[PDB]
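Participant: Sharing a structure with you now.
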Amino acid sequence: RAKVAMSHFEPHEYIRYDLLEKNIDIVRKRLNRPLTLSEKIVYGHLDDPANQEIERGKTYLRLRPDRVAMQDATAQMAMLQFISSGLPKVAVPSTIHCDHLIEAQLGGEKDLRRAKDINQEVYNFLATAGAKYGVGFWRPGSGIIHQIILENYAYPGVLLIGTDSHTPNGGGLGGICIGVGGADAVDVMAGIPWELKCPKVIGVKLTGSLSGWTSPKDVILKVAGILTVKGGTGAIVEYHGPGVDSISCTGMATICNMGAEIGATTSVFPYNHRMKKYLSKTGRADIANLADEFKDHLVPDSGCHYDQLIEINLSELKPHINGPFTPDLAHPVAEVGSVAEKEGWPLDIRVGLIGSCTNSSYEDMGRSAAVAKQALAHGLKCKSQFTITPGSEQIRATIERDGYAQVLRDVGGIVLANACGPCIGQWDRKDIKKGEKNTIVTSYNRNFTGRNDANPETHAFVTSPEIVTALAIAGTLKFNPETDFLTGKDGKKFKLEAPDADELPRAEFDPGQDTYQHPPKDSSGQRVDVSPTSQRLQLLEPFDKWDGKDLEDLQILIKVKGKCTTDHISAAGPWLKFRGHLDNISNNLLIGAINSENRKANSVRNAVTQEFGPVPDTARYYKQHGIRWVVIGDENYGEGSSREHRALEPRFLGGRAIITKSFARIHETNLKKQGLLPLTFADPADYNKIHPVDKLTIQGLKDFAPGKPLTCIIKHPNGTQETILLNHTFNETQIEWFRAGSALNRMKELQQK
Ligand code: SF4
Numbered sequence: 008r009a010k011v012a013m014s015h016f017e018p019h020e021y022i023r024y025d026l027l028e029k030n031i032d033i034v035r036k037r038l039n040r041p042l043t044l045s046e047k048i049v050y051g052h053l054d055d056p057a058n059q060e061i062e063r064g065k066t067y068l069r070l071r072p073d074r075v076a077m078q079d080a081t082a083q084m085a086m087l088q089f090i091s092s093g094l095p096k097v098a099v100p101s102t103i104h105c106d107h108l109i110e111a112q113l114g115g116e117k118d119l120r121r122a123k124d125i126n127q128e129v130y131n132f133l134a135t136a137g138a139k140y141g142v143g144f145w146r147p148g149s150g151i152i153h154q155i156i157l158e159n160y161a162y163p164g165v166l167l168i169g170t171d172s173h174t175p176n177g178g179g180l181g182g183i184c185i186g187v188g189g190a191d192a193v194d195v196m197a198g199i200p201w202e203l204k205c206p207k208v209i210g211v212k213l214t215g216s217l218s219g220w221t222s223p224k225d226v227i228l229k230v231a232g233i234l235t236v237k238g239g240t241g242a243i244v245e246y247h248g249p250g251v252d253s254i255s256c257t258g259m260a261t262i263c264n265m266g267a268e269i270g271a272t273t274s275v276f277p278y279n280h281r282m283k284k285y286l287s288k289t290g291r292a293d294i295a296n297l298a299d300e301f302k303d304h305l306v307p308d309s310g311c312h313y314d315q316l317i318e319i320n321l322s323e324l325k326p327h328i329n330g331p332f333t334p335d336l337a338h339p340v341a342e343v344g345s346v347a348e349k350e351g352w353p354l355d356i357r358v359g360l361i362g363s364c365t366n367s368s369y370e371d372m373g374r375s376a377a378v379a380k381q382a383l384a385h386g387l388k389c390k391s392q393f394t395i396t397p398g399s400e401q402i403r404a405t406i407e408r409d410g411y412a413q414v415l416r417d418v419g420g421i422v423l424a425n426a427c428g429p430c431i432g433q434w435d436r437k438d439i440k441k442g443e444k445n446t447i448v449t450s451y452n453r454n455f456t457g458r459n460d461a462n463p464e465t466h467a468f469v470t471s472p473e474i475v476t477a478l479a480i481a482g483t484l485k486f487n488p489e490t491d492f493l494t495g496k497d498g499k500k501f502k503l504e505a506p507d508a509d510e511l512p513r514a515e516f517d518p519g520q521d522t523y524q525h526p527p528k529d530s531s532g533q534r535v536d537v538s539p540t541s542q543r544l545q546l547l548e549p550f551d552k553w554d555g556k557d558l559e560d561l562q563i564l565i566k567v568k569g570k571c572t573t574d575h576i577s578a579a580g581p582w583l584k585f586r587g588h589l590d591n592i593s594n595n596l597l598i599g600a601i602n603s604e605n606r607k608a609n610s611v612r613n614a615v616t617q618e619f620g621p622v623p624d625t626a627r628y629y630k631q632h633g634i635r636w637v638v639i640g641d642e643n644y645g646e647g648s649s650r651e652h653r654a655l656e657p658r659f660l661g662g663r664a665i666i667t668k669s670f671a672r673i674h675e676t677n678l679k680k681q682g683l684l685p686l687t688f689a690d691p692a693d694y695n696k697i698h699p700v701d702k703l704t705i706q707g708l709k710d711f712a713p714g715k716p717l718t719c720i721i722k723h724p725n726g727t728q729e730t731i732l733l734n735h736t737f738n739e740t741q742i743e744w745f746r747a748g749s750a751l752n753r754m755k756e757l758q759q760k
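Its first residue numbered 8, the sequence shown is counted upward by one per residue in my numbering.
Now the structure itself:
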């Protein structure tokens with residue numbers, strides 16, 4: 008066909024639209040129905056399109072992703088498991104991005120220099136394992152994983168997996184980009200088929216066009232309010248309609264990015280001329296030209312069926328701000344001042360934060376600078392503190408060159424390194440004490456309790472970068488940029504004009520400094536050294552194979568009440584230090600979950616000593632004494648970030664099963680991967696039949712089978728027993744992971760020894 012390379016760094020790896028077309032055509036001759044766009048890309052990547060069983064919401068697809076991307080808080084454990092597989096080189100284009108371990112304190116260059124010193128052991132490990140196994144390495148300072156991927160690696164029709172739940176960001180360039188745990192990335196780096204439950208497809212038809220203050224962020228702030236955080240589970244969101252041409256390519260990436268907050272498998276937009284324009288301005292006109300020749304396969308089929316349709320009229324959409332402790336609590340900016348007042352949310356904004364991968368594009372920085380130049384023209388600066396995170400080095404060099412960074416510095420902003428920083432709590436925040444109630448507004452995406460600064464009483468609202476800038480200047484939520492007046496230095500009242508800015512630089516992007524490190528694909532004789540006394544890195548010891556017996560008289564470690572995110576199960580912030588060390592990070596296990604017994608966090612009853620204490624310590628005491636335990640949870644257990652640490656930590660501390668009303672997708676997969684049993688109540692009311700003191704027996708593991716429920720005997724203290732049934736979503740592939748002790752153990756069994 009064409010020999011067009013997948014990126015500038017892999018001149019030999021060609022895009023295979025011929026393969027994609029061939030597979031789409033085998034599959035549509037079988038289904039004889041129109042295919043949505045996500046169906047074309049996903050089924051076009053099937054390992055076996057002729058025989059694969061295809062039913063939305065029901066079958067597991069065996070897929071062949073084109074490339075793997077990892078960020079440094081999840082890459083360490085993905086690479087420690089790849090190192091245990093014993094395989095010599097990764098089988099597909101793979102990258103590591105060092106963006107999660109740079110703490111915001113002093114701003115830019117200073118914070119990067121400090122991070123490089125503090126994290127030297129880890130950056131060393133990743134660069135060395137990268138050179139040895141043939142993984143490309145983007146150095147600290149290079150940028151946030153998803154911005155580097157949009158700028159260099161994402162293209163129409165790619166199937167990309169990344170160890171991060173905002174990998175869907177890449178849907179803004181017509182690709183299917185899916186968040187996974189490190190063990191799924193090991194499957195693909197090892198060359199074995201990746202499995203994904205066939206998704207449902209929610210269509211969102213966009214009509215009209217954006218105007219004035221309304222920006223691409225408002226479309227997904229509105230969709231999250233409609234669908235709620237559990238509304239997109241098991242589905243891909245596919246944007247279509249005449250209003251799509253109205254959104255810039257980075258705007259589409261913003262909307263696809265935050266679809267992670269409704270639990271969606273990923274989101275995607277159809278190839279159109281805005282993507283073509285972005286590919287040409289990022290050095291990839293040859294890929295835009297090839298995609299023009301395969302355009303029919305990069306847009307949905309006429310009359311394709313969506314399982315749910317939502318219509319949004321862009322012309323009527325007005326600015327939104329969401330939170331404070333969930334991303335689906337949506338409010339127009341116009342009314343948040345009044346709702347805050349009513350609910351007792353602090354009206355004064357201590358810090359306004361723009362950027363992160365969700366909103367750090369050139370157009371986002373241009374629009375925020377456009378609001379900031381007006382305030383400056385009246386002698387004002389920010390009343391709130393104000394920080395700016397550029398998404399990559401190229402965006403930092405280009406907004407610097409085109410003068411937007413200086414406007415943002417002149418209004419009182421501090422430019423932070425090109426890293427997650429405050430978005431995952433890597434922020435040395437000193438202005439409030441812990442427990443001090445206060446309000447910050449961000450252009451980020453998640454706004455859950457204690458995530459930006461480990462303070463549970465910080466009320467974080469997410470909105471667009473131009474609204475964070477307008478509200479940082481005002482310093483209060485009781486300010487609506489569309490209606491209200493500010494007073495200049497000079498005494499005159501003035502109103503902020505809606506920001507207008509270029510979506511891409513008129514000149515080319517300035518690439519900034521050299522930050523990519525290609526693997527020697529020659530040499531590769533590196534020794535990865537993990538010191539046996541390291542506190543940050545530890546080689547894995549394999550988990551135990553299943554004993555062949557049912558699980559009797561299991562102790563409940565904790566019955567969790569309400570929302571239990573992966574930040575409740577395995578907190579980030581300070582714990583990021585231990586992402587490569589399983590025993591040390593297991594000291595945060597479930598310390599944020601609320602115990603139904605006393606409604607406290609990190610205070611559970613030890614069944615032996617009858618002292619209430621920390622959950623980590625109690626799980627280690629049960630493990631030390633041979634007591635196998637269980638977690639009982641509520642709805643959407645495991646919501647949020649993809650960290651497989653939330654599944655590895657309970658396995659390590661002696662857990663056996665997690666029984667809930669429902670699971671978020673990535674956590675449920677991660678639990679199966681590590682040899683635990685994620686089970687759901689066949690009747691959710693049965694959650695109320697189980698009390699912290701009850702012991703449980705799970706029976707029927709001997710004839711464990713796809714579609715057959717497991718029986719659970721609840722043993723009450725008084726001698727009463729109640730039998731209930733538990734469903735699971737294991738297929739046969741996954742039951743083998745459980746029997747072997749973990750998926751990695753099963754893979755090492757298939758290597759003939
Ligand atoms: S923590 Fe924030 S900036 Fe970093 S990859 Fe995730 S969403 Fe993006």
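Backbone N, C-alpha and C fix where the C-beta goes; we use that ideal spot for every residue, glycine too.
I believe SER648 touches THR573 by the beta-carbon criterion, under 8 angstroms. Please report the beta-carbon distance rounded to the nearest angstrom.
Facilitator: Here residue 648 is taken as the residue at index 641 of the sequence shown, counted from 1. Here residue 573 is taken as the residue at index 566 of the sequence shown, counted from 1. Going by Cβ atoms, the distance from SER648 to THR573 rounds to 5 angstroms, so yes, they are a contact pair.
Participant: Alpha carbons only, please: which of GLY707, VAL700, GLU743, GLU110 is nearest the one belonging to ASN725?
Facilitator: By 1-based counting over the sequence shown, the position of residue 725 is 718. The candidate whose alpha carbon is nearest that of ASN725 is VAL700.
Participant: Are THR365 and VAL208 closer than 8 angstroms when you measure CB to CB?
Facilitator: For the purposes of this step, residue 365 is taken as the residue at position 358 of the sequence shown. For the purposes of this step, residue 208 is taken as the residue at position 201 of the sequence shown. Cβ distance not < 8 angstroms, so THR365 and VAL208 don't count as in contact.
Participant: Between which two residues does the alpha helix (DSSP H) holding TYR130 run?
Facilitator: Start at 1 with the first residue of the sequence shown, and residue 130 comes out as number 123. Where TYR130 is concerned, the enclosing alpha helix (DSSP H) stretches over 127-140.
Participant: Measure the alpha-carbon distance for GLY662 versus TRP582 and round it to whole angstroms.
Facilitator: The residue you call residue 662 lines up with position 655 of the sequence shown. The residue you call residue 582 lines up with position 575 of the sequence shown. The alpha-carbon atoms of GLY662 and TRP582 are separated by roughly 21 angstroms.
Participant: Report, in whole angstroms, the separation of the C-beta atoms of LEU360 and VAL475, which I expect to be a contact under 8 angstroms.
Facilitator: Here residue 360 refers to the residue found at position 353 when the sequence shown is read from its first residue. Here residue 475 refers to the residue found at position 468 when the sequence shown is read from its first residue. Right, their Cβ atoms sit about 7 angstroms apart.
Participant: Closest by CA to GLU128, which one among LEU558, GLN545, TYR628?
Facilitator: As a first step, residue 128 must be located in the sequence shown, where it is residue number 121. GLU128 has its Cα closest to that of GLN545, out of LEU558, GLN545, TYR628.
Participant: Going along the chain, which residues of its own chain have a beta-carbon closer than 6 angstroms to the beta-carbon of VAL34, five neighbours each way excluded?
Facilitator: By one-based count along the sequence shown, residue 34 stands at place 27. Cβ within range, chain order: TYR50, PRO56.
Participant: Of all the options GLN381, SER368, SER91, which has the alpha carbon lying nearest to the alpha carbon of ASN425?
Facilitator: As a first step, residue 425 is located in the sequence shown; it is residue number 418 there, counting from the start. Taking only the C-alpha atoms, the option nearest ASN425 is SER368.
Participant: Would you please state the rounded distance, in angstroms, between the beta carbons of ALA192 and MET265? I believe it to be under 8 angstroms.
Facilitator: If you number the sequence shown from 1, residue 192 lands on position 185. If you number the sequence shown from 1, residue 265 lands on position 258. Not confirmed; about 22 angstroms, so no contact.
Participant: Among the residues of its own chain, which have a CB less than 8 angstroms from the CB of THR687, if the five just before and after it don't count?
Facilitator: By 1-based counting over the sequence shown, the position of residue 687 is 680. Cβ within range, chain order: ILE666, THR667, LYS668, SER669, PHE670, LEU733, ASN734, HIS735.
Participant: Jot down the residue ranges of each uninterrupted alpha helix (DSSP H) in the segment 192-268, minimum 4 residues, whole runs only, in chain order.
Facilitator: You should have 223-234, 256-265.
Participant: Report the CB separation of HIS327 from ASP225 in whole angstroms; it is logged as a contact under 8 angstroms.
Facilitator: Sequence index remark: in the sequence shown, residue 327 carries index 320 (1-based). Sequence index remark: in the sequence shown, residue 225 carries index 218 (1-based). Right, the Cβ-Cβ distance comes to about 5 angstroms (below 8 angstroms), so this counts as a contact.
Participant: Starting from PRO623, follow the alpha helix (DSSP H) in both directions and report where the run begins and ends.
Facilitator: What you label residue 623 is simply residue 616 of the sequence shown in a count that begins at 1. It spans 622-631 - the alpha helix (DSSP H) in which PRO623 sits, taken as one unbroken run.
Participant: Going along the chain, which residues put their C-beta within less than 5 angstroms of some heavy atom in the ligand SF4?
Facilitator: Answer in sequence order: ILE151, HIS173, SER363, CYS364, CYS427, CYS430, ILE431.
Participant: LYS237: which of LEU415, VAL343, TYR644 sits nearest, CA to CA?
Facilitator: Stepping through the sequence shown from its first residue, residue 237 is reached at position 230. Measuring from the Cα of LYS237, the nearest candidate turns out to be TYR644.
Participant: What residue range is occupied by the uninterrupted alpha helix (DSSP H) comprising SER649?
Facilitator: Walking along the sequence shown from the start, residue 649 turns up at place 642. Run containing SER649: none; DSSP gives neither H nor E here.
Participant: Can you give the Cα-Cα distance for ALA136 and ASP690, rounded to whole angstroms?
Facilitator: Your numbering for residue 136 matches position 129 in the sequence shown. Your numbering for residue 690 matches position 683 in the sequence shown. Rounded to the nearest angstrom, the two C-alpha atoms are 47 angstroms apart.
Participant: I need the straight-line Cα distance from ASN594 to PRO623, nearest angstrom please.
Facilitator: Residue 594 sits at position 587 when you count from the first residue of the sequence shown. Residue 623 sits at position 616 when you count from the first residue of the sequence shown. Each residue's alpha carbon lies about 5 angstroms from the other.
Participant: Once DSSP output is grouped into helix, strand and coil, what is the label at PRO353?
Facilitator: Taking the sequence shown and counting its residues from 1, the one referred to as residue 353 is at position 346. It is coil, neither helix nor strand.
Participant: Just to confirm before moving on: does the CB-CB distance between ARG281 and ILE254 stay below 8 angstroms?
Facilitator: One-based indexing of the sequence shown puts residue 281 at position 274. One-based indexing of the sequence shown puts residue 254 at position 247. Yes, Cβ-Cβ distance for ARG281 and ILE254 is below 8 angstroms.
Participant: Assuming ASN320 and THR214 make a contact with CB atoms under 8 angstroms, what is their CB distance in whole Å?
Facilitator: For the purposes of this step, residue 320 is taken as the residue at position 313 of the sequence shown. For the purposes of this step, residue 214 is taken as the residue at position 207 of the sequence shown. That belief holds up - the Cβ atoms of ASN320 and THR214 are roughly 5 angstroms apart, short of 8 angstroms.
Participant: Could you check what DSSP says for residue 761 in three-state terms: helix, strand or coil?
Facilitator: Because the chain here runs from 8 to 760, residue 761 falls outside it and cannot be looked at.
Participant: In its own chain, which residues sit with a C-beta less than 6 angstroms from the C-beta of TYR24, not counting the 5 before and 5 after it?
Facilitator: Translated into positions along the sequence shown, residue 24 becomes position 17. Contacts found: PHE301.
Participant: Run the CB neighbour count on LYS288, radius 10 Å, all protein chains shown included, and call it buried at 16 or more, exposed below.
Facilitator: One-based indexing of the sequence shown puts residue 288 at position 281. Answer is buried; the Cβ neighbour count reaches 16.
Participant: Between the Cα of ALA579 and the Cα atoms of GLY569, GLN562, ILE565, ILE598, which residue gives the shortest distance?
Facilitator: For the purposes of this step, residue 579 is identified with residue 572 of the sequence shown, where counting begins at 1. That would be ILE598, whose Cα lies nearest to the Cα of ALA579.
Participant: Have a look at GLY428, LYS440, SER471, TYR162 and flag the residue whose alpha-carbon is nearest the alpha-carbon of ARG458.
Facilitator: As a first step, residue 458 must be located in the sequence shown, where it is residue number 451. When only C-alpha atoms are compared, the closest one is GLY428.
Participant: Which residue from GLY248, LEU660, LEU387 puts its Cα closest to that of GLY482?
Facilitator: On the sequence shown, residue 482 is found 475 positions in, with the first residue counted as 1. Checking every option, the nearest Cα to that of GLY482 belongs to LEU387.
Participant: Which partner residues does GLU318 have in the DSSP bridge list?
Facilitator: Stepping through the sequence shown from its first residue, residue 318 is reached at position 311. Note: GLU318 sits in a beta bridge opposite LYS212.
Participant: Could you pull the start and end residues of the beta strand (DSSP E) that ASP590 belongs to?
Facilitator: Counted from its first residue, the sequence shown places residue 590 at position 583. Looking at the DSSP string, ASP590 is not in any beta strand (DSSP E); the run it does join, the alpha helix (DSSP H), is 589-592.
Participant: Could you tell me which whole alpha helix (DSSP H) segments of length 4 or greater appear in the segment 82-131?
Facilitator: Those alpha helix (DSSP H) runs which fall completely within the segment 82-131 and span 4+ residues are 82-92, 115-125.
Participant: Less than 8 angstroms between the C-beta atoms of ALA260 and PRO206, yes or no?
Facilitator: Residue 260 sits at position 253 when you count from the first residue of the sequence shown. Residue 206 sits at position 199 when you count from the first residue of the sequence shown. Contact flag unset, no.
Participant: Would you mind listing the alpha helix (DSSP H) stretches within the segment 640-725 that are 4+ residues and don't spill past its ends, in chain order?
Facilitator: Whole alpha helix (DSSP H) segments, 4+ residues: 652-659, 672-680.
Participant: Secondary structure at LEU53, three-state DSSP: helix, strand or coil?
Facilitator: Mapped onto the sequence shown, residue 53 falls at position 46. Strand.
Participant: Tell me the residue span of the beta strand (DSSP E) that contains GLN728.
Facilitator: The count along the sequence shown starts at 1 and reaches residue 728 at position 721. Residues 728-734.
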